[PDB]
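Colleague: Starting off with a structure, shown below.
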Amino acid sequence: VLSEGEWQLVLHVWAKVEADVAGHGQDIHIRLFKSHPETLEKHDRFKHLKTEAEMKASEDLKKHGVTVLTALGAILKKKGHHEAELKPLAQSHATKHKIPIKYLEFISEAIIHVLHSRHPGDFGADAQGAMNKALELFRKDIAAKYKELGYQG
Ligand code: HEM
């Protein structure tokens, strides 16, 4: 469970994220695809974009990024009482897309990287540790929802 103070740090940095959701989306995905290439294969519509620049100019990918970070941002604002908008995420991702929890760790890594690269003065030790706790709570709860629908993490 997160402290009031940690939740505040998380939401403090997210507010910076929200000043350019689109750019953060692209960067996080680009990081993810380059760092763990097996991830790009889950996306049939992106798995041809060869270059970073091709990645950055794809408006399909751009929009996807915003859709992903908007869902995550609604969950973080719940400060962990996120049952209701966690469930549709787990049902899509467990039954349809079939995203292993390890791929969720991978994008968790990409998020923290990008966050630290774009906002170091607002993303120091305390803030990274808080965000990390936030994303680890999210992954635990989704792994439990995954199991409730079958197929284990
Ligand atoms: C922070 C963790 C994640 C967030 C919040 C997120 C969020 C979303 C949302 C909101 C959608 C659209 C509705 C639906 O879920 O189908 C989506 C679709 C999708 N997500 Fe995730 N996602 C996460 C990470 C992942 C990862 C790591 C991958 C693995 C490549 C993945 C693959 C997909 C795929 C394949 C779809 C369907 C895309 C399509 O064919 O249009 N997502 N995601």
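Cβ placement follows ideal geometry from the backbone for every residue including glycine, while neighbour counts extend to all protein chains displayed. What follows draws every value from the coordinates through simple rules; no lab data is involved.
Colleague: Let me have the 222 nm mean residue ellipticity of the chain computed from DSSP H runs of 4+ only, each contributing -39500 (n - 2.57), with the sum over all residues rounded to the nearest 500.
Modeller: -22500 deg cm²/dmol
Colleague: Further question: Please list the equivalent ellipsoid semi-axes of region 98-153, computed as the square roots of five times the alpha-carbon gyration tensor eigenvalues, in descending order and whole angstrom. Provide the component values of the computation, followed by the final result.
Modeller: On the way: eigenvalues 143, 26, 6 Å².
Taking √(5λ) for each eigenvalue gives 27, 11, 5 Å, largest first.
Colleague: Less than 14 Å Cβ to Cβ from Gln26, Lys/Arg counted +1 and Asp/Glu -1: what total charge do the surrounding residues give?
Modeller: On the way: positive: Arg31, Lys34, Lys56, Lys62, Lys63, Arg118; negative: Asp20, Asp27, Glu52, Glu54, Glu59, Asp60.
Here the count lands on 0.
Colleague: Also, quick follow-up: Using r as the Cβ-Cβ distance of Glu85 and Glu52, and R0 as 25 Å, what FRET efficiency do you calculate, to the nearest 0.05? Walk me through the numbers on the way to the answer.
Modeller: On the way: r = 31 Å, r/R0 = 1.25.
The calculated FRET efficiency here is 0.20.
Colleague: How large is the translational diffusion coefficient of region 1-82 in µm² per second when you combine the Kirkwood radius over alpha carbon pairs with Stokes-Einstein at 20 °C and 1.002 mPa s? Please report the intermediate quantities before stating the final value.
Modeller: Values: Rh = 13.9 Å.
Using the Kirkwood radius from Cα pairs, D works out to 154 µm²/s.
Colleague: Which of the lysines could a cross-linker span from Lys16 if the Cα-Cα distance has to be under 20 Å and same-chain partners fewer than 8 positions apart are dropped?
Modeller: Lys16 reaches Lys62, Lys63, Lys77, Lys78, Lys79, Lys133.
Colleague: In a Gaussian network model over the chain where Cα atoms closer than 10 Å are linked, find which of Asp44, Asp126, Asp20 has the largest mean-square fluctuation.
Modeller: Looking only at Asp44, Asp126, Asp20, the biggest GNM fluctuation is shown by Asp44.
Colleague: Tell me, Kirkwood radius of the chain from alpha-carbon pair distances, in Å?
Modeller: 15.9
Colleague: Okay, next question. Once the Cβ-Cβ distance between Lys96 and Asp60 is put in as r, and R0 is 22 Å, what FRET efficiency do you end up with, to the nearest 0.05? Before the final figure, lay out the partial values.
Modeller: Numbers: r = 18 Å, r/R0 = 0.83.
The computed FRET efficiency comes out at 0.75.
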